[PDB]
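As structure tokens, one chain now follows by itself in the form deposited in one PDB entry.
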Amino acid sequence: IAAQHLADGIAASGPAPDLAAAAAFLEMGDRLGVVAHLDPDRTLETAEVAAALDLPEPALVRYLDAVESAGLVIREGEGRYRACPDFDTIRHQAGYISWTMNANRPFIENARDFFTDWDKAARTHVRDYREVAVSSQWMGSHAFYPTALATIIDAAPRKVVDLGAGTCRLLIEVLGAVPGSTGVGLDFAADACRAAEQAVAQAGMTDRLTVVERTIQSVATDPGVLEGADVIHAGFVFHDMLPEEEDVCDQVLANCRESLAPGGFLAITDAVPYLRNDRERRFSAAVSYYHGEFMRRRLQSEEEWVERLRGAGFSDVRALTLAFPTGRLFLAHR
């Protein structure tokens, strides 16, 4: 009786216990600053990491021994832990869970308020931008960042502009692979711009990569920084301007097309709404419902994106399916 109930229960639970445990351990560890020190090819030394993160070393060791028991890290002698061989895949998968269950938690917990008075709910139940950013990065590691990276590099560009560059991690990697290429990181957050400037100095690309503290919307009035770019990148940034800033968005796209060097392209990664195919539908619906219902940010279909980009003067647009469910890469050629 109990053996039959055992196999059937194991099949019914499937991979959910493992993913549930991985996501909780990794979100907890990431908030503590520990996950950044975990890597499959090197150890973290507890005596040093506890001092660097201002944590009591015995508490850090109890956390690392629990994650070791979980199989997420390997104890390599006293006070040294290495991430398990497939850690980066586990962290990638945890990113989806973290994004839906942690970053978007204000929407899960207060839906009744958003249904009653959206304007009051939207200003009261605010997402933690750090959690949105980290969970997005983890989802991106294996499901959208490699495609955008390889597309920009294989074009062998002389000048690359990244709209919403953050800490300029993509631009630093593109310049390291393309000799003599220059870049321009555009981002409004002062915190992200200061961090980007110190990361370019470490990479040795201060002369090659310029960081500008300004909005995506300012590119509509002042497009100078875009001139002569072979590639312009815009990762999940345009839907934040829609539907309230449609005219500014269209002037930014028209300015991107005219600014491009001959043969240059604009590469936009964005989420398309409510797909029906079996692989993408579930996560597509969560992405779409969070954007449409809770954030009131307009996601455009492929057809809409192509119509808008051709309206901006782009001669041809190619849409590519990304592994990120509901994610599409649009390459708009000048």
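Throughout, rigid core stands for the largest set of C-alpha atoms superposing within 1.5 Å between the two forms. Quick note: we count residues from 1 along the sequence shown, nothing fancier.
One more form of this protein should be noted, the form deposited in another entry, which is absent from this view; the next part is about it.
Rigid core superposed between the shown form and the other one, residues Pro106, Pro223, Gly71, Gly79 considered: the one with a C-alpha shift of 2 Å or more is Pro223. Superposed on the core, the two forms differ at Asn255: its CA moves 2 Å or more between the shown form and the other one.
With the core held fixed between the shown form and the other one, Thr210 has its Cα displaced by at least 2 Å. Once both forms are fitted on their core, a CA shift of 2 Å or more is seen for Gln198 between the shown form and the other one.
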